[PDB]
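Below, in structure tokens: the form solved without ligand NAR, a single chain.
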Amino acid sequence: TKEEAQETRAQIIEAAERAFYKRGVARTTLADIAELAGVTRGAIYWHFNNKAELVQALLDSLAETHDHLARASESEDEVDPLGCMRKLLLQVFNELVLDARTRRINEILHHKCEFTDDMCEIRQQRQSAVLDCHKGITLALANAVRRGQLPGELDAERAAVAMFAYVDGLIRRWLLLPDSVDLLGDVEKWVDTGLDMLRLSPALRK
């Protein structure tokens, strides 16, 4: 009845994430996710071609929550684009630490999903995603410079890589050793340590 297909998909997705978190992506099959989703076998192949399409869905969903701050950080009309970036990072960290779903998915993508020459689509998927994410980050920086919020001579793309790298690295750290990083208690410091890298670093300028 249409709501069926929609809820069945979410039912697959939510079970892909249980399976993947437990067994890793490499040895979990579509068929195993279907049996776990309590979904008639053949169903899973209507909603997802391979396992990679299913991992990509998990990764795309991570973007939903942050679309608004992200899209604001990227709008030239935006008044406080570095202000939106800041609140974006805050939120990314808050969700990471607060949201079981979000954390599970990051743990899957960071620590439970091999890139194989076998399943080439996985790596490629990640590449395209990190590249999209990079375009986004570079824009917002470009906006923050234009508004006089970042150094005028900042290298927008290098500062983006720098920034993504520190955020991506911190997330992985916290996922591996949670109790070494008060990610939530000290968010502001963590977000600011990084934004501090972007507006105060001489290396990062041209």
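All residue numbers are counted from 1 along the displayed sequence.
(request) Decide which of the stretches 152-160 and 175-183 has the higher mean C-alpha B-factor, going by the entry. (result) Higher mean C-alpha B-factor: 175-183.
(message) If you take the mean CA temperature factor per stretch, which one wins between 74-82 and 116-124?
(response) Per the deposited B-factors, the answer is 116-124.
(message) Comparing recorded Cα B-factors across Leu30, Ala142, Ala165, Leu62, which one is largest?
(response) When the deposited C-alpha B-factors of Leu30, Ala142, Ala165, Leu62 are compared, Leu62 is largest.
(request) Grab the CA temperature factor for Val191 from the record and place it in the lowest, middle or highest third of its chain. (result) Its C-alpha B-factor, which the entry lists for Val191, ranks in the middle third among residues of this chain.
(request) Please place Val25 in the lowest, middle or highest third of its chain by C-alpha B factor as given in the entry. (result) Lowest third of the chain for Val25's C-alpha B-factor.
(message) Splitting the chain's C-alpha B-factors into thirds, which one does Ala15 fall into?
(response) Answer is highest: the recorded C-alpha B-factor places it there.
(message) Lowest, middle or highest third: which one holds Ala43 when the chain's residues are ordered by CA B-factor from the entry?
(response) As the PDB entry reports it, the C-alpha B-factor of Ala43 lands in the highest third of its chain.
(message) Sorting by Cα B-factor within the chain, modelled residues only, which third would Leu58 end up in: lowest, middle or highest?
(response) Ranked within chain, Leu58 CA B lands in the middle tercile.
The protein also exists as the form solved in complex with ligand NAR; that form is not presented, and the subsequent description refers to it.
(request) Give a yes or no on whether each residue among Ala19, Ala31 and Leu54 has a heavy atom within 4.5 Å of ligand NAR in the bound PDB entry. (result) Spot residues vs ligand NAR: no contact at all.
(request) Would you mind picking out the stretch of 148-156, 133-141, 33-41, 46-54 that comes within 4.5 angstroms of ligand NAR in the bound PDB entry, counting non-hydrogen atoms? (result) Contact-bearing stretch, as computed: 133-141.
(message) So, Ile171 and ligand NAR: in the bound PDB entry, are they within 4.5 Å at any heavy atom pair?
(response) Yes, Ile171 is a contact residue.
(message) Using a 4.5 angstroms cut-off on non-hydrogen atoms, would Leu62 count as touching ligand NAR in the bound PDB entry?
(response) Because a heavy atom of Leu62 falls inside 4.5 Å of ligand NAR in the bound PDB entry, the answer is yes.
(request) Examine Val181 and determine whether its closest non-hydrogen atom to ligand NAR in the bound PDB entry is within 4.5 angstroms. (result) Contact with ligand NAR, no.
(message) Using a 4.5 Å cut-off on any heavy atom, which residues of 69-93 would contact ligand NAR in the bound PDB entry?
(response) Counting only heavy atoms within 4.5 Å of ligand NAR in the bound PDB entry, the contacting residues of 69-93 are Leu88, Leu89, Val92.
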